[PDB]
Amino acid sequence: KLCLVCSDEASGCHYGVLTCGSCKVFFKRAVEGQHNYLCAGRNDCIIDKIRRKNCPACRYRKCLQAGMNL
């Protein structure tokens, strides 16, 4: 069972998609919050257990593309 966003240990199927606890709370905070997410690279960053902190923009984009939805 791996998080379809960051490949960390999946806890269940949250907001329609198999994901870990951190990606669950990240996504909800991203949808509802006011954030200024901008990628410092090419909108194609590697998202894994460590790197996921680096680019919220690409993390959020991957959540959306994997089909996450409130």
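Whichever C-alpha set is largest while still superposing within 1.5 Å between the two forms counts as the rigid core. Heads up: residue numbers just count along the shown sequence, starting at 1.
### Task
Find the stretch among 27-35 and 40-48 with the larger RMS C-alpha deviation in 8 other deposited structures of this protein, all structures being superposed on the shown form by the rigid core.
Stretch with the higher C-alpha RMS distance in 8 other deposited structures of this protein: 27-35.
#### Entry: Greater mean Cα temperature factor according to the PDB record, 8-16 or 47-55
Averaged over C-alpha atoms, the B-factors run higher in 8-16.
### Per the entry, higher mean C-alpha B factor between 38-46 and 25-33
For C-alpha atoms only, the mean B-factor is higher in 25-33.
### Task
Would you please rank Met68 by its C-alpha temperature factor against the other modelled residues of its chain and give the third it falls in: lowest, middle or highest?
According to the entry, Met68 has a C-alpha B-factor in the chain's middle third.
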